[PDB]
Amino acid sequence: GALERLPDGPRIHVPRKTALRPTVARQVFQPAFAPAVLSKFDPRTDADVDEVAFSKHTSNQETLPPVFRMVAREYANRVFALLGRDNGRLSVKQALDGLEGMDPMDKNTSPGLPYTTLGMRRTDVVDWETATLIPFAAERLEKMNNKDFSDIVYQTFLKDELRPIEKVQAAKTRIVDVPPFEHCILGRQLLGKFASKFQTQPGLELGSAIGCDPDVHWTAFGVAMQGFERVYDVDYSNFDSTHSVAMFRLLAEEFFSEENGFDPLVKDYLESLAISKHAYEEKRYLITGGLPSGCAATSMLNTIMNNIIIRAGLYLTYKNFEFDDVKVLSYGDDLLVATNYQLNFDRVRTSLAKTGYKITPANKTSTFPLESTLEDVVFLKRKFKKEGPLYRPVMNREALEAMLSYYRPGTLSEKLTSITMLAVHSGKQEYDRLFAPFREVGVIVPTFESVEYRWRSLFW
């Protein structure tokens, strides 16, 4: 919300061409999916793609009910009881290299402004051997340590990905925010130690599936939610942008506080997310509210906020409602509710509507179901297929067909390799049907049994 126009600057090029090209499988499956609109003169839509992105951002809620603060500090207590309150600042070496059981910072990812305009990459700006930033990047990180984030400008552009036909026709393309490399480093310095612990322990207790692996953790999520009477599937509409600056304050004061073992600068970092400066062609603008994308912390933040928001909605809707009545499992905005009680999310939607957040009974078409179970719900575009004592992540047939129908030139084999591990859970007949078009034109792919056997190897 709250889009404030600033004086224009040098033109930072938003990409306006898709890298996605159709495979031999597109004509066979014919999915209701196409590359997202990136240009104003894209003939597939009447709309202006820049208008549709900028037409949003009306206004986030200035205030926020007291219940949000209570449930935030209550959720914090449970999180820090498990993980502990030793979430201190990591060094630049530890941020780049990552801790034990934590991936290092990706070298291929964009370094942000002004390095993208100058034509540099992440490995140009820093030395990963010695963790030595160049003098320009060193003083920018130094200024941020002195409570000054005025130099930080997010490189903003449209997301080159597949979208449903309705979104292509309406020019509703997702927005990619790329912060500077120093801002991305500092983020991992301030939140990395906590993240490493938060990532390694997904489940119902922590209320998160962040850092999970569907092949393995689906049995853990499945068996944990098996005993419960009902399981509800709830999705949010524009979850990222609906986060008010008040929600960022709550996280800084109640969750990521100095009492819970965090660096004093965490407050200032969270304010950079709350009030961010962006660049888009010659346009410069300031968005008050909403969580910018980019860097590894975005999913963790949304997950933490999701546990607070959904419970706050229940507290407002249902009186004498307890915290442990509902057990939550969520990956960012993708929310899953496990409980023995019967809950009506039609009344929760109306409650949360006043607070700014919008929920929908996904997928379907409106009207939340009162009765729902583990087999009904969809999480990360996967269902819970019980097979003996295990649970298999069965990905959607329409999703699988769409992923195979398009590709980026150069990395086809790498893509096909990763889709076999997804498609294996559908079954041999479906596996072969999905890859049949590729085999027809002389492209070898591993046998169903080879990849089936490999999945079972994880359990031995």
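Residue positions are given as counts along the sequence shown, with the first one as 1.
Higher mean CA B-factor, judged across 316-324 and 151-159 from the recorded values: 316-324. The stretch 46-54 shows the higher mean C-alpha B-factor when 46-54 is compared against 33-41 in the entry. The maximum CA B-factor among the listed residues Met102, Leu380, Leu301, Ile175, taken from the PDB record, is found at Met102.
In the deposited coordinates, the residue among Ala195, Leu352, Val216, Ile210 with the greatest CA B-factor is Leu352. Among the modelled residues of the chain, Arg26 sits in the lowest third by CA temperature factor in this PDB entry. Compared with the other modelled residues of the chain, the Cα B-factor recorded for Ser276 ranks in the lowest third. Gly332 sits in the lowest third of its chain by CA B factor, as recorded in the PDB entry. When all modelled residues of the chain are sorted by CA temperature factor, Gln199 is found within the lowest third. Remark: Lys167 belongs to the lowest third of its chain, ranked by C-alpha B-factor as recorded.
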